[PDB]
Structures are given as structure tokens and as C-alpha cells.
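Q: Show me how the following folds:
(chains A, B, C, D, E, F, G, H, I and J, ligands or ions: 12)
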Amino acid sequence: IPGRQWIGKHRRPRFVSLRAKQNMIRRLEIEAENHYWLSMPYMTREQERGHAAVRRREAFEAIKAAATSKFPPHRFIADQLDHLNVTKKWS
Amino acid sequence: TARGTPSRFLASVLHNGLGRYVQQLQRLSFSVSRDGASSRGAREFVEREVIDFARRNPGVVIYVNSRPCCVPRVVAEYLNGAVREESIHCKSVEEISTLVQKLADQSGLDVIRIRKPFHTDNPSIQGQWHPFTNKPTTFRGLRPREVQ
Amino acid sequence: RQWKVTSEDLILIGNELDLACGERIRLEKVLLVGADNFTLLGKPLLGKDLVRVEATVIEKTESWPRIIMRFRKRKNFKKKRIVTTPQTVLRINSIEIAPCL
Amino acid sequence: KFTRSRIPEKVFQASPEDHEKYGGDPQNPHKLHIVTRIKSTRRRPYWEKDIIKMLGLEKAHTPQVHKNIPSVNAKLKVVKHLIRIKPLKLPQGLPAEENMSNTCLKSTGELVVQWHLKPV
Amino acid sequence: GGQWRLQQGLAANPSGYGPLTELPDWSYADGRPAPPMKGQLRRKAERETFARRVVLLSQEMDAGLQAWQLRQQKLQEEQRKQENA
Amino acid sequence: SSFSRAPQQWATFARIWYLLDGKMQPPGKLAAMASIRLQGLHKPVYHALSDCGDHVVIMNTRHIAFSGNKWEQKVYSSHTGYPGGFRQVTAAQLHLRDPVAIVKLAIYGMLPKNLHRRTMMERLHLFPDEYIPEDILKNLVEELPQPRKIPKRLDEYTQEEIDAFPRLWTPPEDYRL
Amino acid sequence: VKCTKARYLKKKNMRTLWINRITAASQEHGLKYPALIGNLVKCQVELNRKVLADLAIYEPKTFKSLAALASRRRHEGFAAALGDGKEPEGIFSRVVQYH
RNA sequence: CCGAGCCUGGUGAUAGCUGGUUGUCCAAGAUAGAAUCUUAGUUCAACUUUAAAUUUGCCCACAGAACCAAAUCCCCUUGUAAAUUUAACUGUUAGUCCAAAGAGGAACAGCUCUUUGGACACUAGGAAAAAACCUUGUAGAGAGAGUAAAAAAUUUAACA
RNA sequence: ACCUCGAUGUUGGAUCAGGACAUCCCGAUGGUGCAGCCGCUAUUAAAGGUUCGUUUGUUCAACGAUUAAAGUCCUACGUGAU
RNA sequence: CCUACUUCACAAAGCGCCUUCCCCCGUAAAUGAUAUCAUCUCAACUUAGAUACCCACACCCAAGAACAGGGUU
Ligand SMILES: [Mg+2]
Ligand SMILES: [Mg+2]
Ligand SMILES: [Mg+2]
Ligand SMILES: [Mg+2]
Ligand SMILES: [Mg+2]
Ligand SMILES: [Mg+2]
Ligand SMILES: [Mg+2]
Ligand SMILES: [Mg+2]
Ligand SMILES: [Mg+2]
Ligand SMILES: [Mg+2]
Ligand SMILES: [Mg+2]
Ligand SMILES: [Mg+2]
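A: Numbers count the residues shown, from 1 in each chain, chains lettered A, B, ... in the order given. Ligands and ions are numbered 1, 2, ... in the order given. Below you will find the coordinate block:
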């Protein structure tokens, strides 16, 4: 072939087998059923308005509150004194 | 890798499960320094846990030596003569309980690669395949292009 | 997976089963049972009142140390990990069969 | 220029041949979608990758329940080539707090709120 | 053969839901049932949070429609009650 | 069952001489069966490193039947390494020179391209005629079935087979043939 | 690096080796591989490839009975799709419903 | 070894240039530009990183954005969880191919130059081999399973 | 401007040539405005062959004498560790 | 290959001698259907259409870089 098979002006040919046709067809059928089930909403756009504003508001209060509660951890005496047991002996 | 390391087949010691189960671990040998931070969690293992361990399985005899060592060891010796020496150097008490329980649970086989995940000694029950299974006989045992 | 099993044999599993060494196990989910002159294959499993498969735990080992190296050329990407999985070995003690058909 | 693509509304208006082919009802439609990502969002634009993150479809072949409302359906109309949409049908009722753990969603699309492991 | 299993209401993968992966794998020989499998515990947590999402979304849908209907009845009463004086 | 170790092991891995008639048969559809029985891919004890192939004797390899014009179109090309020694020879001419090499080149193309291929070719015996030597006739076990059912000609249909088939059309009374 | 990339190839080559063994031993009983596997799936006998290769080697009566069960179910599929419309189902063509 | 000796010293000259830059493990992380004796480089921006404060960020619906095509901006809901700001700087700023809309060339180039979007410089499977095409991303062990992409099809001229 | 600037060494000639046929000669045919001889054109064929000198560094070109013919090219404008 | 001639001489050479063996496939015509004539036929069909060679210590050599080879009656 003139150069680098798959890019360029003179590319080598590639042909569509029966595998690739049946694959593309069953993808189109799954797609067309997605086109069926998106054609019938349970609400209009007026009816859905504000139906989850409370839960979205409380969810962002949870994210906002998790953001504004970030601070260094507590420092204890028992950890620092607990280091002293590295020279614990027997007798 | 597996081609540089030896391999073996999955076995047991003396058919370890068939009649009765025998604990394969004979001796543990702790050597624990009295003064030394290396054998601290060993000492806390002897003060706390080696007695309850020694009672949970009485077929194991345990030798705590308590010499001035600089790295503490535990030496598991198994019924088949295998001796696995592992270090408890700077390990906490819980990690020595899981380590000693790990040595107790296993056997004196090598920890080299095991080839098959299974070991039947009677693999075939209906008779093994040979090329004359699934071939019908002919009359008088005749072969092709044989007249008489 | 699906282990083909007689009595008096061994299986090496690749996990710890939180059991003591020596405890007896009834293996449920048997799904084919054969003898010399008959079999019994269920859809997909067999009845628990029909087949009783028993197995003890022998040894709770680790695996041989298992190297996980990643390396990409000319990108200075070289990682080495060493992993030992846990393992238990099971001695299938008996396959008892029950006249319930 | 490859841009974002709009889709006209006649594409999403079903016909009685389609209402007979797929088992839907135009009067009294379904409430909940089961959505399943079945096509990788790599080699796809960034807005589609974003919508797939907004729908919780980051793992493939994992069902996700959404509402059958025009806003959720607008996001599903963006990535309709990447997903699979089925109605969530409920043979028995929606589960109470007694039957809350003993549920299982079947591959047909139904959420069976009493899930034994026993044959009939 | 998973398209057949989809036709039969089964899981497309036999390792999916059903009797091969959701019964306990082993029991004690005394008859004591085993402690539950880790994947069965995680999996029942997944099914439980999935069911919680189904209930939560269904309740937001019904409360949304009923709130719209009460807004429309209040709009109709604000239509009717100003028809005087 | 209930053998010893070495007789069971000898029984499982012993190799079987097959016979395979190639009269009116295409050489590639014989080459498929011969190739499978030479690699041991007809055994469930098959592994590529267990050396479990068999012997295959193909007889009547002068009576190869190509489909289509493959006798006149298909070209077997060798090159003796000398310059100008590129020798393209059709399948008809090569079948007239050596009446073994069409089935042989077909099987040698079917086998896996490794070092076991020529050992597997030395387990394959190609005879151009009905005559097979007696030390090979005393080895054969099974005759594999021919993969092409040979269609019969009008000398070979019986009269009940002819009368069972209907006359489809009436000729005119004045027609000459 | 070869040692870690060869674990995927160990699983792959074991599975293609099992499909070769099931293919060979099912050619001994007249079936082919896809008829055998598809029609063992359609009986809810969900044995995997490793087990069926091991039965193909060590227990060939069981593999012959699985071949007769799979070919029986294949012929019930042929006679089932042949006489379309409502007809009584096959005996091995029945499915066990779980709930 | 003389277009200006050789030695010592200044001298560790200077080098936007070349080459090299040594333990382990995890994480986040790639392509607008403007100036410049400048395009072999630097500075700022943009992007990236870490810490920190706060509250909106992204997707978006009606309405709306001019006279002489695809679409975009704007954008409540909704789905989500990120964004802005503050502190501290490094580094990338010499990109390639494909799809599409154009400009230049021959309606040439694995050609040059813009724009939009992918991909590659990151993993794997396929297209024969294969940076850029298709499938697919979150990492381990398994001698389990279901799948995704995926195999080129064609054969012809009588005539009164 | 894609490999090569931490080296892929340059035209003609010598020497050895390998290959293609889109044939210059030799072979076989069809047509011819082919009587014969010479030609012209087309089909098939690459087994074999395809000159020596004067000027010019010349491949080329012109010229001289022949030849059955003095082919067109590619091979890193073949081949300078020959 | 050395009998002559020549360079030359117990031989090697050419300027000397000796031997050298098969086709090409393009077409040109019979019979003859599809399409009852005809028609060379991507109809069935009929014509024009390789042997040889090779093969069982030591010393000298027409063999040879070494090794190998031939001869040693
Ligand atoms: Mg190329
Ligand atoms: Mg310097
Ligand atoms: Mg510079
Ligand atoms: Mg990372
Ligand atoms: Mg400059
Ligand atoms: Mg907004
Ligand atoms: Mg370019
Ligand atoms: Mg360029
Ligand atoms: Mg250079
Ligand atoms: Mg020609
Ligand atoms: Mg040159
Ligand atoms: Mg050279």
C-alpha cells in the first residue's frame, strides 16, 4: 500500500463482515428501544418543578457542612507518653 | 518467578485429614531478649498470650529461651522434620499472635509453588479415556482392508 | 469454581475461610454426582437431602511469594510488589448419597 | 466541526406500532427507569463523559434507578447511545421496611420484593 | 449462552444472581450454618441501598405530583374567590 | 479401569493408525481431517507438549477432486534459491509429476507452524493408489469417513430410482432431438 | 514483567485448551462444541469448561450421557422451533423457575 | 595540532547548547495565548499541584442575543458534587493523527495553517504486523463465568 | 521535511551483474493502403543475445564503421570495507 | 584438453584444439447444442498440443592452503 496502511490519501480498504453488520444492527435495536422509553415522561416539566428542592438543599448542606468542618485532629497525652514504652524492660 | 523457583504437588503429611487430624507443628522456640526494644512485643507476647496459646493446642511444646539476643526469632519445627525460622523483630503483640497462629495452622511442606490446586489419587472412577473407548468393535475383530 | 471431587482427596482454595484446622464442613452446592453406572445431575444444583459431601480443613497456608512488576519503557516506570495470598487445603472425607428420588 | 447534537421532538413521539412492539402504555406510563451503561465513554466527547458521571453510570453493566421526568430524560437523551433504558416494573408493591433487605432486581426489569432461593 | 438466560428471566451470567451464588457455599457438619459470605453481605447491602433508592425516588415522585395538584387547586380557588365585590 | 499404572498410561497415549480413502475427495477437506488426527486434536488427552498425535494413511491420492477450476488455476510455487529458479507450476502439472504432493502440501499448510510439524508429517503416509504395503495394512484400526459424499452418475442410478423420479414435461410428438 | 503478564495468558490458554478437549471428545460422540455447550446451558446444567474437560478425560460415560442430554435437548429445540405455535413442550426442555 | 605559540594564573571562564542526574511505595497530573535582537529561550496568563476558607459549581427550560448551516451564549428546575476565593510555588507552554467545517497548494502529500471533538504520549482486546481507527479505563490472586470490538463480497456482450 | 547532521561517502567509467517487460534482435500468430522483398501495427514469449572507436570528465549528443540487434528501465541516479 | 602451433617445457596455459541435445500456447481449423441453420467450445468434445553424472604408519601423487582424496604389487 502507498504508506502507513490506515491513515492518508491511499488507505488500504477494510470491509464490513456479517459480524460487524449484526453488531451494528443489535446496537441500533437497543437504541430504538431507548427511543421508545424516552417518549413517555411520568410528569410534565411544570409538574416536576421543585419536587426535590428540599432534598437537594439538604444534600448541599451536607457537602457544605463537610467542607466547613475540616481542622487539625486532637492531640492526646497518652500517645506522647505511650512512646516511652520503647524502652520497656523486664526484671 | 516460577521457572527459577522449584515446584511441588499439593499433598499432606500422612494423609492428614482421613482418619484424624494431627497438628503438624511440634515445637515453637522463642528467643526473647530481656532488655531490648527489638523483643518488646515478644516480651508482651510472653506475658500475655503465649500461655493461652500454649493451652489452646497442647500438642505443641514451646521453648521460650530468654537470652540476650539482638534480633528475636521464633523457630517452628514440624512433624516431618521441617524447620521454619521466622523473625519477630519489632512486631507488635497482635502481629505475633497472627504470625504464631499462622505457623500453627500450616504444615511442614515447602512454601514453593504448588502445581495443581487439587490432588486426587483416584482421579478416574468410570475408567480413564483410551482411544478405544468410544470406538465400536467390528465383527471378527477385522481392521480396514482386511478380507478374512 | 467447580471442583471435581472424590472422597479421600484434596482441594487448595485461595482464601482463608475463618475456620479452625480440622473442622468438618458440609459442602453444599454440589451439582453433579456420578458412580460407575449412573450419574445424577441437577438443575442446576442437587437436593441437600440427596447428596452429603464432607470435608475437613487440613492446613491454612500462604501461597508462594508472588511478584507483581510493572514496567514501561523510556518513561521511568518500574514498580515491584510481592504478594502472598492465603490458602486453605480441604480433605474431602466422604461423599454419601441418599435414596431420595 | 463536530459539535453537540440536538434531536427533534418527532424522534421521541412513539407510534402504536411501537406501542405494540414494546410493552408500553402511553396512558399511565412508568415511574422509574433502569439505566445501564453498555458502551464506554472513552472515544466520546467530554460532555457525554460528564453526563455519565452525573447519572452514576461510571461502572458498566450496573443498573441505576432514575426518575421518568423531562430533566432526567434530557440527560438520558444526551447519552442515549451509551446506555440501556428499561422501565422499572414492580409486580408486587414497592418494598416496605419489613421487606427492605430481602429484595432482588431481576434481569427482566422487575424488583421482586420477596426473594427466596427456592424452586417453585 | 446468555441470551437464552435473558429469555428465561435468569441472570445473563450464571455467576450472577440465583442459586449458584446466593446459597451458602458450606455449612458445619453438625448442622450449624456458616457465617455469611463477604460478597453476599456486600451484595445484600447493594440490593438494600438500591431498594432504598427505589422507595425514595417513588416517594419524591408522588409527593411532587400531589404538591402540584395542591398548587393547582389553590390557583383555582384564587381564581374563584376574587370573582366578587 | 482397574489397570496398573504403566498399562493404563500406555493405553491412554498409544497412537492409532487411521486409514482414509481419498477417491473423488477434495484435498483440503481431507487435509482438515488428516491434520486433526496428526496433531492429536481428536483426543481429549490432547496437549501440544504430550506428543499425542497419531498416524494417518491416505490412500488413492491420485484421485483427488478439486472443486471448480482449481486444477487449472491453483499455482504451486517453489523457489530453488538460485537466481531465476522461481518455479510456478499449476496443480494439474504438479499432480502429474508427483501424485502425492497436493494432499501433502495441503496437510503441511494445515499443521501448526512449529517444530512438531515435520514430525507430524512423518506420521503421515500418502499412497497414490489402492496398494498399501503389508506392514502398514497390519497397523490400521479405523477407516475415517469420507468428508464428501460422492455424487453418482446415470450408470449408477437403479431403475427404481429412475422410476421414482417423475417425468417433468411432455415433448412434442414431432421433435427430432 | 513476563511473569505478571502471563497470568492472563495462563487463564486464557487453560480455557482454550479446555475448549480443545471438549471439542475433541464431543466430536467423538458426533456433536460439535457449540451444540454441546449451548444445549447444556439450555438444560440448566451449568457445568463449566474445566469440569467438562475433566469428565471428557476421566469419566467418559458421564460425558457420553451429557452428550446424549445435550443432543436430546438440541433435537427438542429443532422439533420445538419446527412445529411453531402452541404445542406441548419438551420433557428436558422444561425450565426450573426459582423465586 | 600558528588566521596568531606554549605554560601558569584570573578559572570551578561562560554555555538559552549536548550529555548525565543514584533507595522503596502510593496519590493528583497533558496542549488557550501575549510580549520578547524572539520563536533552541524567558516572563506573565492558562492548565496542573498542595494546604485553607466559604458557597455555590456542572448539566441546564420558558423567555432572550442585528441589520447589512451544525450549533453557541444565557439559563430556574433536575441529576449530581464540585466550584470560587485565599496562601505557596514548580512544571508544561518546539505536539502528532483521525472525524468534521474552512484557508493555502494540484478540489497533491504521512503537506502547511485555523476551529470543534476524539485518541496517543497510560492500560488491555481487535484491525495481520500496528503511537493516532474500533472496543475498553481504577489496578491483587483464581486451573471460574457472561460479554465488547472483531472473518469482505463480486464474474460480465449470440441473434433475426 | 518523515529516518539519518555522536557521518546513510558524489557523477561517469571499470568489474560482476540480479530483476521487470511497457520486446531492440531471434521464436510463434492476426491485420495490412500485405503480389514477392522490405515494411507498419497488434497478440504471445524474457530461454539466449544486445559492438568497437574519434571529440567531450561526461551520462547524453554528434560523427565513423558494423551488427540479427546495438531496448526501455528499476536495483541507495545497483555495486568506492572491490 | 595438450597431439601439434605459440608463451613455454619434466607441467601450466591461449593466440590452439574438442564437444554442446526439448518445447512453448498466440492462434488456425473439424463435429456440434444453448438459439434444431450456423458457430474453433469460459458447452460437452476432436486436432496442431529431461536424461545423463554421482553411487563399494610412512612415502609418492596428475589430489591438495590445512584436513580430506588417489596410488604404494
Ligand atoms: Mg505504508
Ligand atoms: Mg559549565
Ligand atoms: Mg535561546
Ligand atoms: Mg495516578
Ligand atoms: Mg534569538
Ligand atoms: Mg445555574
Ligand atoms: Mg502533519
Ligand atoms: Mg512536516
Ligand atoms: Mg546528517
Ligand atoms: Mg508482452
Ligand atoms: Mg548510486
Ligand atoms: Mg559496499
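
Q: what does stretch F:130-146 contact?
A: The contact list for stretch F:130-146 (CB atoms under 8 Å, 6 or more residues apart in numbering or on different chains) reads B:135, B:143-146, F:16-22, F:25, F:33, F:37, F:55, F:57, F:59-60, F:125. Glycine gets a C-beta too; all of them are placed from N, C-alpha and C.

Q: Can you select the buried ones from the residues you listed in ChimeraX?
A: Selecting in ChimeraX just the buried members of those, where the criterion is 16 or more other CB atoms under 10 Å in any protein chain shown, is done with this command:
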select /B:144 /F:16,17,18,19,20,21,22,25,33,37,55,57,59,60,125
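
Q: The contacts of stretch F:130-146 in strands, which ones?
A: Members of the contacts of stretch F:130-146 lying in strands (criterion: DSSP state E): F:17-21, F:55, F:57, F:59, F:125.

Q: any idea which element the residue nearest the centre of chain G lies in?
A: The geometric centre of chain G, computed from its C-alpha atoms, lies nearest to residue G:37 (CA atoms, centre = their mean), at 2.5 Å. Here residue G:37, judged by DSSP states H and E, is contained in helix G:33-41.

Q: ok, and which of the contacts of stretch F:130-146 reach chain G?
A: Filtering the contacts of stretch F:130-146 for proximity to chain G (criterion: CB under 8 Å from any CB of the partner chain) leaves nothing.

Q: circling back: can you pull the contacts of the residue nearest to the centre of chain G?
A: E:1, G:22.

Q: I figured residue F:22 was touching residue F:57, is that so?
A: No - applying CB atoms under 8 Å, one finds residue F:22 not in contact with residue F:57, separated by 10.2 Å.

Q: Please tell me how far the residue of chain D found nearest ligand 1 sits from chain A.
A: Nearest to ligand 1 in chain D, going by CB to the ion, is residue D:43, at a distance of 24.2 Å. Residue D:43 sits 15 Å away from chain A, taking CB to the nearest CB, to the nearest Å as the criterion.

Q: Can you report how many residues neighbour that residue?
A: Residue crowding around residue D:43 was assessed by other CB atoms under 10 Å in any protein chain shown; the count is 6.

Q: Then residue A:63?
A: Burial measure for residue A:63: 9 neighbouring residues, criterion other CB under 10 Å.

Q: can you confirm residue E:51 is in a helix?
A: Yes - with the criterion set as DSSP: H, G, I helix; E, B strand; the rest coil, the secondary structure at residue E:51 is a helix.

Q: how much space between it and chain F?
A: As for residue E:51, its distance to chain F is 47 Å (criterion: CB to the nearest CB).

Q: residues from chain A in reach of chain G?
A: By CB under 8 Å from any CB, no residue of chain A approaches chain G.

Q: Could you pick out the longest helix of chain A?
A: helix A:18-37 (DSSP state H).

Q: That one and chain E in contact?
A: No - Helix A:18-37 is not in contact with chain E by CB under 8 Å from any CB; minimum separation 10.1 Å.

Q: same for that helix, what does it pack against?
A: For helix A:18-37, the elements it packs on are strand D:83-87, judged by 3 or more CB pairs under 8 Å, 6 or more residues apart in numbering or on different chains; DSSP states H and E.

Q: which residues are in contact with the strand it packs on?
A: Counting by CB under 8 Å, 6+ apart, the neighbours of strand D:83-87 from elsewhere in the structure are A:30, A:33-34, A:37-38, D:24, D:30, D:32-39, D:55, D:57, D:68, D:76, D:109.

Q: could you give the angle of it to helix A:18-37?
A: Note on geometry: by axes from the mean of the first three to the mean of the last three CA atoms, to 10 degrees, strand D:83-87 and helix A:18-37 are set 50 degrees apart in direction.

Q: So is strand D:83-87 next to RNA strand H?
A: No - no part of strand D:83-87 sits close enough to RNA strand H to count as contact by CB under 7 Å from any atom of the strand; the gap is at least 11.2 Å.

Q: Can the helix or strand that that strand is followed by be said to contact chain G?
A: Under the assignment DSSP H and E, the closest C-terminal helix or strand after strand D:83-87 is strand D:104-105. No - under the criterion of CB under 8 Å from any CB, chain G is not reached by strand D:104-105; the shortest gap measures 9.8 Å.

Q: my guess is residue D:119 meets residue G:98, correct?
A: Yes - Residue D:119 is in contact with residue G:98 according to CB under 8 Å; the separation is 5.5 Å.

Q: and those two? which has more neighbours close in?
A: Taking other CB under 10 Å, residue D:119 and residue G:98 do not tie; residue G:98 has more neighbours (19 against 11).

Q: Check chain C for the residue nearest RNA strand H and tell me.
A: In chain C, the residue that lies nearest RNA strand H is residue C:1 (3.3 Å; CB to the nearest atom of the strand).

Q: just to revisit the earlier point, where does the residue of chain D closest to ligand 1 land in three-state SS?
A: Counting by three-state DSSP, the three-state call for residue D:43 is coil.

Q: same check, this time on residue E:55
A: Classification of residue E:55 by three-state DSSP places it in helix.

Q: host element of residue F:7?
A: Assigning secondary structure by DSSP H and E places residue F:7 in helix F:5-13.

Q: near chain B, anything from that helix?
A: Yes - using CB under 8 Å from any CB, we find that helix F:5-13 touches chain B at F:8, F:11-12.

Q: just checking, what packs against that helix?
A: Contact partners of helix F:5-13 among helices and strands, from 3+ CB pairs under 8 Å, 6+ apart: none.

Q: Okay, buried residues for that helix please.
A: By neighbour count on 16+ other CB under 10 Å, the buried set for helix F:5-13 is F:8, F:12.

Q: now what about that helix, what contacts it?
A: Judged by CB under 8 Å, 6+ apart, the contacts made with helix F:5-13 from elsewhere in the structure are B:128-130, B:132, F:3, F:45, F:50, F:52.

Q: try stretch B:79-93
A: Against stretch B:79-93 from outside (CB under 8 Å, 6+ apart): B:13, B:22, B:24-26, B:30, B:37-42, B:44-45, B:48-49, B:71-78, B:96, B:99, B:103, B:107-110.

Q: Kindly report the same for stretch A:20-39.
A: Residues outside stretch A:20-39 that contact it (CB under 8 Å, 6+ apart): D:11-14, D:18, D:21-22, D:24, D:30, D:33, D:38, D:73, D:76-77, D:80-81, D:83-87.
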